[PDB]
file model12.cif (mmCIF, N, CA and C atoms)
data_input
#
loop_
_atom_site.group_PDB
_atom_site.id
_atom_site.type_symbol
_atom_site.label_atom_id
_atom_site.label_comp_id
_atom_site.auth_asym_id
_atom_site.auth_seq_id
_atom_site.Cartn_x
_atom_site.Cartn_y
_atom_site.Cartn_z
ATOM 1 N N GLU A 1 -16.350 19.971 -71.617
ATOM 2 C CA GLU A 1 -16.034 18.708 -70.953
ATOM 3 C C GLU A 1 -14.775 18.068 -71.535
ATOM 4 N N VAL A 2 -14.781 17.839 -72.849
ATOM 5 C CA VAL A 2 -13.631 17.230 -73.513
ATOM 6 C C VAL A 2 -12.372 18.053 -73.259
ATOM 7 N N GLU A 3 -12.464 19.367 -73.461
ATOM 8 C CA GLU A 3 -11.311 20.241 -73.271
ATOM 9 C C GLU A 3 -10.771 20.162 -71.845
ATOM 10 N N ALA A 4 -11.652 20.192 -70.848
ATOM 11 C CA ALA A 4 -11.167 20.074 -69.479
ATOM 12 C C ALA A 4 -10.608 18.680 -69.213
ATOM 13 N N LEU A 5 -11.143 17.662 -69.883
ATOM 14 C CA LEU A 5 -10.602 16.319 -69.720
ATOM 15 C C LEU A 5 -9.227 16.198 -70.370
ATOM 16 N N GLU A 6 -9.045 16.796 -71.547
ATOM 17 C CA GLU A 6 -7.712 16.863 -72.134
ATOM 18 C C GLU A 6 -6.731 17.524 -71.172
ATOM 19 N N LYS A 7 -7.156 18.616 -70.530
ATOM 20 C CA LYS A 7 -6.331 19.284 -69.529
ATOM 21 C C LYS A 7 -5.969 18.341 -68.386
ATOM 22 N N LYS A 8 -6.966 17.655 -67.828
ATOM 23 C CA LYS A 8 -6.698 16.737 -66.728
ATOM 24 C C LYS A 8 -5.749 15.629 -67.161
ATOM 25 N N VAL A 9 -5.984 15.051 -68.340
ATOM 26 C CA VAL A 9 -5.140 13.960 -68.816
ATOM 27 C C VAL A 9 -3.706 14.440 -69.011
ATOM 28 N N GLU A 10 -3.533 15.671 -69.487
ATOM 29 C CA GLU A 10 -2.182 16.157 -69.743
ATOM 30 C C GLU A 10 -1.438 16.461 -68.449
ATOM 31 N N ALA A 11 -2.143 16.919 -67.417
ATOM 32 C CA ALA A 11 -1.516 17.051 -66.110
ATOM 33 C C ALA A 11 -1.122 15.685 -65.558
ATOM 34 N N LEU A 12 -1.970 14.673 -65.770
ATOM 35 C CA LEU A 12 -1.683 13.325 -65.284
ATOM 36 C C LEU A 12 -0.490 12.717 -65.999
ATOM 37 N N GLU A 13 -0.371 12.948 -67.299
ATOM 38 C CA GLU A 13 0.768 12.418 -68.021
ATOM 39 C C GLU A 13 2.075 12.995 -67.469
ATOM 40 N N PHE A 14 2.077 14.273 -67.101
ATOM 41 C CA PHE A 14 3.258 14.882 -66.507
ATOM 42 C C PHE A 14 3.494 14.229 -65.160
ATOM 43 N N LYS A 15 2.492 14.213 -64.290
ATOM 44 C CA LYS A 15 2.680 13.625 -62.971
ATOM 45 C C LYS A 15 3.223 12.211 -63.069
ATOM 46 N N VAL A 16 2.632 11.407 -63.952
ATOM 47 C CA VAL A 16 3.069 10.020 -64.084
ATOM 48 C C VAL A 16 4.515 9.961 -64.578
ATOM 49 N N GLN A 17 4.884 10.831 -65.521
ATOM 50 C CA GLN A 17 6.276 10.857 -65.984
ATOM 51 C C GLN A 17 7.237 11.190 -64.846
ATOM 52 N N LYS A 18 6.897 12.187 -64.025
ATOM 53 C CA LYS A 18 7.742 12.515 -62.880
ATOM 54 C C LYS A 18 7.829 11.348 -61.901
ATOM 55 N N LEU A 19 6.697 10.695 -61.622
ATOM 56 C CA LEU A 19 6.710 9.497 -60.783
ATOM 57 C C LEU A 19 7.636 8.425 -61.356
ATOM 58 N N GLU A 20 7.510 8.136 -62.653
ATOM 59 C CA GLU A 20 8.373 7.127 -63.272
ATOM 60 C C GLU A 20 9.852 7.439 -63.048
ATOM 61 N N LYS A 21 10.242 8.695 -63.276
ATOM 62 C CA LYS A 21 11.626 9.103 -63.044
ATOM 63 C C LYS A 21 12.034 8.894 -61.593
ATOM 64 N N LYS A 22 11.171 9.266 -60.647
ATOM 65 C CA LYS A 22 11.550 9.131 -59.248
ATOM 66 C C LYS A 22 11.608 7.666 -58.844
ATOM 67 N N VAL A 23 10.682 6.853 -59.353
ATOM 68 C CA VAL A 23 10.694 5.418 -59.049
ATOM 69 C C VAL A 23 11.928 4.739 -59.647
ATOM 70 N N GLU A 24 12.311 5.098 -60.880
ATOM 71 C CA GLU A 24 13.546 4.533 -61.439
ATOM 72 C C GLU A 24 14.757 4.926 -60.601
ATOM 73 N N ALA A 25 14.812 6.184 -60.165
ATOM 74 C CA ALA A 25 15.908 6.627 -59.310
ATOM 75 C C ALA A 25 15.971 5.812 -58.028
ATOM 76 N N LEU A 26 14.806 5.454 -57.470
ATOM 77 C CA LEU A 26 14.774 4.654 -56.246
ATOM 78 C C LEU A 26 15.193 3.213 -56.505
ATOM 79 N N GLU A 27 14.848 2.667 -57.669
ATOM 80 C CA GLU A 27 15.175 1.272 -57.948
ATOM 81 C C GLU A 27 16.656 1.084 -58.235
ATOM 82 N N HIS A 28 17.272 2.050 -58.902
ATOM 83 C CA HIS A 28 18.628 1.895 -59.408
ATOM 84 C C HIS A 28 19.675 2.461 -58.469
ATOM 85 N N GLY A 29 19.261 3.056 -57.355
ATOM 86 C CA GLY A 29 20.199 3.786 -56.522
ATOM 87 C C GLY A 29 20.862 4.935 -57.250
ATOM 88 N N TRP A 30 20.154 5.558 -58.198
ATOM 89 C CA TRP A 30 20.735 6.618 -59.011
ATOM 90 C C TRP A 30 21.128 7.792 -58.130
ATOM 91 N N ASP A 31 22.423 8.133 -58.157
ATOM 92 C CA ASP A 31 22.955 9.298 -57.451
ATOM 93 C C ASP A 31 22.733 9.188 -55.943
ATOM 94 N N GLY A 32 22.912 7.983 -55.401
ATOM 95 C CA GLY A 32 22.684 7.757 -53.988
ATOM 96 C C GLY A 32 21.234 7.785 -53.556
ATOM 97 N N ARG A 33 20.303 8.082 -54.461
ATOM 98 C CA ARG A 33 18.885 7.970 -54.156
ATOM 99 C C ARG A 33 18.527 6.498 -53.979
ATOM 100 N N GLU B 1 -19.614 7.916 -73.166
ATOM 101 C CA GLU B 1 -18.162 7.869 -73.337
ATOM 102 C C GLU B 1 -17.461 8.905 -72.460
ATOM 103 N N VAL B 2 -17.843 10.172 -72.621
ATOM 104 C CA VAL B 2 -17.240 11.247 -71.835
ATOM 105 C C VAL B 2 -17.399 10.969 -70.344
ATOM 106 N N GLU B 3 -18.617 10.628 -69.923
ATOM 107 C CA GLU B 3 -18.882 10.368 -68.512
ATOM 108 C C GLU B 3 -18.017 9.230 -67.976
ATOM 109 N N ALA B 4 -17.901 8.135 -68.724
ATOM 110 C CA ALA B 4 -17.045 7.053 -68.256
ATOM 111 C C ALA B 4 -15.577 7.466 -68.275
ATOM 112 N N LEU B 5 -15.195 8.345 -69.199
ATOM 113 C CA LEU B 5 -13.820 8.827 -69.219
ATOM 114 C C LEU B 5 -13.544 9.749 -68.035
ATOM 115 N N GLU B 6 -14.495 10.617 -67.693
ATOM 116 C CA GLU B 6 -14.363 11.402 -66.471
ATOM 117 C C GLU B 6 -14.171 10.491 -65.263
ATOM 118 N N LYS B 7 -14.947 9.406 -65.194
ATOM 119 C CA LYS B 7 -14.797 8.425 -64.124
ATOM 120 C C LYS B 7 -13.391 7.836 -64.103
ATOM 121 N N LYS B 8 -12.905 7.385 -65.260
ATOM 122 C CA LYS B 8 -11.569 6.804 -65.318
ATOM 123 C C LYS B 8 -10.515 7.819 -64.901
ATOM 124 N N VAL B 9 -10.622 9.050 -65.402
ATOM 125 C CA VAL B 9 -9.636 10.074 -65.078
ATOM 126 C C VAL B 9 -9.645 10.370 -63.582
ATOM 127 N N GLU B 10 -10.824 10.364 -62.965
ATOM 128 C CA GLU B 10 -10.892 10.695 -61.546
ATOM 129 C C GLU B 10 -10.337 9.572 -60.679
ATOM 130 N N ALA B 11 -10.507 8.319 -61.096
ATOM 131 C CA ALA B 11 -9.839 7.227 -60.403
ATOM 132 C C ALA B 11 -8.326 7.337 -60.547
ATOM 133 N N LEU B 12 -7.853 7.735 -61.734
ATOM 134 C CA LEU B 12 -6.418 7.875 -61.973
ATOM 135 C C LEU B 12 -5.823 9.004 -61.151
ATOM 136 N N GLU B 13 -6.542 10.110 -61.016
ATOM 137 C CA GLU B 13 -6.034 11.203 -60.213
ATOM 138 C C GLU B 13 -5.842 10.763 -58.759
ATOM 139 N N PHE B 14 -6.751 9.943 -58.238
ATOM 140 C CA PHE B 14 -6.608 9.426 -56.885
ATOM 141 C C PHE B 14 -5.398 8.515 -56.856
ATOM 142 N N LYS B 15 -5.339 7.526 -57.740
ATOM 143 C CA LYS B 15 -4.212 6.606 -57.731
ATOM 144 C C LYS B 15 -2.891 7.350 -57.790
ATOM 145 N N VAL B 16 -2.798 8.326 -58.693
ATOM 146 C CA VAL B 16 -1.550 9.069 -58.841
ATOM 147 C C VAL B 16 -1.234 9.842 -57.560
ATOM 148 N N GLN B 17 -2.249 10.435 -56.927
ATOM 149 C CA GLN B 17 -2.009 11.137 -55.661
ATOM 150 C C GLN B 17 -1.473 10.190 -54.590
ATOM 151 N N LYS B 18 -2.064 8.997 -54.471
ATOM 152 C CA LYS B 18 -1.559 8.021 -53.510
ATOM 153 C C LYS B 18 -0.128 7.606 -53.837
ATOM 154 N N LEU B 19 0.164 7.366 -55.119
ATOM 155 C CA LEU B 19 1.535 7.073 -55.535
ATOM 156 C C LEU B 19 2.491 8.195 -55.132
ATOM 157 N N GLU B 20 2.127 9.445 -55.426
ATOM 158 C CA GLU B 20 2.990 10.571 -55.058
ATOM 159 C C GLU B 20 3.318 10.563 -53.566
ATOM 160 N N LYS B 21 2.297 10.370 -52.727
ATOM 161 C CA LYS B 21 2.517 10.299 -51.285
ATOM 162 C C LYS B 21 3.459 9.161 -50.918
ATOM 163 N N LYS B 22 3.271 7.985 -51.518
ATOM 164 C CA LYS B 22 4.119 6.859 -51.153
ATOM 165 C C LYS B 22 5.540 7.068 -51.653
ATOM 166 N N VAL B 23 5.691 7.641 -52.848
ATOM 167 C CA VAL B 23 7.028 7.920 -53.384
ATOM 168 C C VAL B 23 7.747 8.980 -52.545
ATOM 169 N N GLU B 24 7.038 10.032 -52.114
ATOM 170 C CA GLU B 24 7.678 11.012 -51.229
ATOM 171 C C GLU B 24 8.117 10.366 -49.920
ATOM 172 N N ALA B 25 7.272 9.503 -49.356
ATOM 173 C CA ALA B 25 7.638 8.798 -48.132
ATOM 174 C C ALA B 25 8.898 7.969 -48.329
ATOM 175 N N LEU B 26 9.052 7.358 -49.511
ATOM 176 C CA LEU B 26 10.243 6.557 -49.793
ATOM 177 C C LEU B 26 11.476 7.431 -49.985
ATOM 178 N N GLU B 27 11.312 8.612 -50.574
ATOM 179 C CA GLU B 27 12.467 9.467 -50.834
ATOM 180 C C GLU B 27 12.993 10.111 -49.560
ATOM 181 N N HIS B 28 12.099 10.472 -48.649
ATOM 182 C CA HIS B 28 12.460 11.273 -47.490
ATOM 183 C C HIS B 28 12.743 10.435 -46.259
ATOM 184 N N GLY B 29 12.592 9.117 -46.351
ATOM 185 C CA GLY B 29 12.654 8.288 -45.162
ATOM 186 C C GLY B 29 11.598 8.643 -44.139
ATOM 187 N N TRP B 30 10.429 9.107 -44.593
ATOM 188 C CA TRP B 30 9.381 9.555 -43.685
ATOM 189 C C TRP B 30 8.912 8.397 -42.820
ATOM 190 N N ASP B 31 9.047 8.565 -41.498
ATOM 191 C CA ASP B 31 8.555 7.598 -40.518
ATOM 192 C C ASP B 31 9.230 6.236 -40.690
ATOM 193 N N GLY B 32 10.533 6.248 -40.970
ATOM 194 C CA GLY B 32 11.261 5.015 -41.197
ATOM 195 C C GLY B 32 10.943 4.310 -42.497
ATOM 196 N N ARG B 33 9.990 4.812 -43.282
ATOM 197 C CA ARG B 33 9.745 4.280 -44.613
ATOM 198 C C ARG B 33 10.935 4.608 -45.510
ATOM 199 N N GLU C 1 -11.285 13.231 -80.960
ATOM 200 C CA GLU C 1 -10.838 13.710 -79.653
ATOM 201 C C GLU C 1 -11.090 12.673 -78.560
ATOM 202 N N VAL C 2 -12.347 12.252 -78.423
ATOM 203 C CA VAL C 2 -12.704 11.262 -77.409
ATOM 204 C C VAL C 2 -11.877 9.994 -77.588
ATOM 205 N N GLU C 3 -11.814 9.488 -78.820
ATOM 206 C CA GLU C 3 -11.071 8.263 -79.095
ATOM 207 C C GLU C 3 -9.598 8.400 -78.719
ATOM 208 N N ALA C 4 -8.969 9.516 -79.079
ATOM 209 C CA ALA C 4 -7.574 9.691 -78.692
ATOM 210 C C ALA C 4 -7.440 9.861 -77.182
ATOM 211 N N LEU C 5 -8.449 10.436 -76.534
ATOM 212 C CA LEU C 5 -8.404 10.561 -75.083
ATOM 213 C C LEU C 5 -8.569 9.203 -74.409
ATOM 214 N N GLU C 6 -9.463 8.360 -74.926
ATOM 215 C CA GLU C 6 -9.545 6.989 -74.437
ATOM 216 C C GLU C 6 -8.194 6.293 -74.556
ATOM 217 N N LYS C 7 -7.514 6.481 -75.690
ATOM 218 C CA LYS C 7 -6.178 5.927 -75.883
ATOM 219 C C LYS C 7 -5.208 6.432 -74.820
ATOM 220 N N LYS C 8 -5.172 7.748 -74.608
ATOM 221 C CA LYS C 8 -4.266 8.305 -73.611
ATOM 222 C C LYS C 8 -4.584 7.766 -72.225
ATOM 223 N N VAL C 9 -5.867 7.722 -71.866
ATOM 224 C CA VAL C 9 -6.255 7.247 -70.542
ATOM 225 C C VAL C 9 -5.856 5.787 -70.360
ATOM 226 N N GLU C 10 -5.975 4.985 -71.415
ATOM 227 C CA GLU C 10 -5.657 3.568 -71.277
ATOM 228 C C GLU C 10 -4.156 3.335 -71.163
ATOM 229 N N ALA C 11 -3.345 4.154 -71.830
ATOM 230 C CA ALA C 11 -1.908 4.091 -71.610
ATOM 231 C C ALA C 11 -1.559 4.499 -70.183
ATOM 232 N N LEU C 12 -2.251 5.513 -69.653
ATOM 233 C CA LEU C 12 -1.995 5.980 -68.291
ATOM 234 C C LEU C 12 -2.384 4.934 -67.262
ATOM 235 N N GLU C 13 -3.489 4.237 -67.483
ATOM 236 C CA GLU C 13 -3.886 3.205 -66.548
ATOM 237 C C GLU C 13 -2.822 2.106 -66.470
ATOM 238 N N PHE C 14 -2.212 1.759 -67.600
ATOM 239 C CA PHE C 14 -1.144 0.771 -67.605
ATOM 240 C C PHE C 14 0.034 1.350 -66.848
ATOM 241 N N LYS C 15 0.497 2.535 -67.225
ATOM 242 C CA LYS C 15 1.646 3.119 -66.548
ATOM 243 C C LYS C 15 1.437 3.167 -65.046
ATOM 244 N N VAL C 16 0.259 3.625 -64.624
ATOM 245 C CA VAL C 16 -0.011 3.738 -63.194
ATOM 246 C C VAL C 16 0.003 2.357 -62.537
ATOM 247 N N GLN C 17 -0.556 1.346 -63.206
ATOM 248 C CA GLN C 17 -0.513 -0.010 -62.647
ATOM 249 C C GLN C 17 0.924 -0.496 -62.472
ATOM 250 N N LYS C 18 1.777 -0.272 -63.475
ATOM 251 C CA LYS C 18 3.180 -0.656 -63.346
ATOM 252 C C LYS C 18 3.861 0.101 -62.210
ATOM 253 N N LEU C 19 3.602 1.408 -62.100
ATOM 254 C CA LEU C 19 4.122 2.184 -60.975
ATOM 255 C C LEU C 19 3.677 1.594 -59.638
ATOM 256 N N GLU C 20 2.382 1.303 -59.498
ATOM 257 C CA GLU C 20 1.886 0.724 -58.246
ATOM 258 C C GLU C 20 2.651 -0.544 -57.872
ATOM 259 N N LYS C 21 2.838 -1.442 -58.844
ATOM 260 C CA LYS C 21 3.598 -2.664 -58.598
ATOM 261 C C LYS C 21 5.023 -2.358 -58.159
ATOM 262 N N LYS C 22 5.683 -1.409 -58.822
ATOM 263 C CA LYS C 22 7.066 -1.126 -58.465
ATOM 264 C C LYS C 22 7.146 -0.456 -57.103
ATOM 265 N N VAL C 23 6.198 0.431 -56.800
ATOM 266 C CA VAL C 23 6.177 1.090 -55.489
ATOM 267 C C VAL C 23 5.894 0.083 -54.372
ATOM 268 N N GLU C 24 4.965 -0.858 -54.589
ATOM 269 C CA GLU C 24 4.742 -1.893 -53.573
ATOM 270 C C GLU C 24 5.998 -2.730 -53.358
ATOM 271 N N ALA C 25 6.684 -3.086 -54.443
ATOM 272 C CA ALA C 25 7.928 -3.839 -54.322
ATOM 273 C C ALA C 25 8.955 -3.077 -53.499
ATOM 274 N N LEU C 26 9.004 -1.748 -53.655
ATOM 275 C CA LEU C 26 9.948 -0.935 -52.888
ATOM 276 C C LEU C 26 9.544 -0.835 -51.423
ATOM 277 N N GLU C 27 8.244 -0.793 -51.141
ATOM 278 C CA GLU C 27 7.800 -0.642 -49.758
ATOM 279 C C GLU C 27 7.990 -1.922 -48.959
ATOM 280 N N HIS C 28 7.787 -3.069 -49.594
ATOM 281 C CA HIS C 28 7.740 -4.341 -48.890
ATOM 282 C C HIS C 28 9.071 -5.067 -48.897
ATOM 283 N N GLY C 29 10.084 -4.512 -49.556
ATOM 284 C CA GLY C 29 11.316 -5.251 -49.764
ATOM 285 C C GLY C 29 11.112 -6.530 -50.544
ATOM 286 N N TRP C 30 10.137 -6.547 -51.460
ATOM 287 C CA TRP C 30 9.808 -7.758 -52.202
ATOM 288 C C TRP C 30 10.997 -8.191 -53.042
ATOM 289 N N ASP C 31 11.476 -9.416 -52.787
ATOM 290 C CA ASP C 31 12.548 -10.031 -53.568
ATOM 291 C C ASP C 31 13.837 -9.213 -53.489
ATOM 292 N N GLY C 32 14.139 -8.689 -52.301
ATOM 293 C CA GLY C 32 15.314 -7.858 -52.127
ATOM 294 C C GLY C 32 15.233 -6.487 -52.760
ATOM 295 N N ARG C 33 14.155 -6.176 -53.478
ATOM 296 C CA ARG C 33 13.940 -4.827 -53.978
ATOM 297 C C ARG C 33 13.672 -3.894 -52.801
#

call {"tool": "encode", "arguments": {"input": "model12.cif", "output": "structure tokens"}}
result
Amino acid sequence: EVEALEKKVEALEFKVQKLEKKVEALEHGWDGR
Amino acid sequence: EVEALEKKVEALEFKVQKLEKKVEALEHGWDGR
Amino acid sequence: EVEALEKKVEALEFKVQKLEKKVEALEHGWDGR
């Protein structure tokens, strides 16, 4: 259980990091985005 | 503890999925979004 | 393990909440955003 939860949390941390990058790009008009 | 953490993680996976969909809609101009 | 996972999940819940707010601001044109 714990091990699979660590796995899920680590996938979520990646997803959230990618979201943060894309949201910042949208807010700042980065590179015409 | 584990059970409530599984609950929290599963709510987060949904939230993150909805965010991903909304962010893609914003990036692609999907449906005038 | 559990304690550090609770920590990670709680940081993620904050990050996701901030993302949700920023994504809503982008969708609604809130305050010229």

call {"tool": "resolve_selection", "arguments": {"input": "model12.cif", "expression": "the PyMOL selection byres ((chain C and name CA) within 8 of (chain A and name CA))", "output": "list in words"}}
result
residues 1, 2, 5, 8, 9, 12, 15, 16, 19, 22, 23, 26 and 33 of chain C

call {"tool": "axis_aligned_box", "arguments": {"input": "model12.cif", "around": "region 18-31 of chain C", "padding_each_side": "5 Å", "output": "AutoDock Vina command-line options"}}
result
--center_x 7.8 --center_y -3.9 --center_z -56.2 --size_x 22.1 --size_y 22.2 --size_z 24.6

call {"tool": "atom_distance", "arguments": {"input": "model12.cif", "atom1": "CA of residue 14 (chain B)", "atom2": "atom C of residue 32 (chain C)"}}
result
27.3 Å
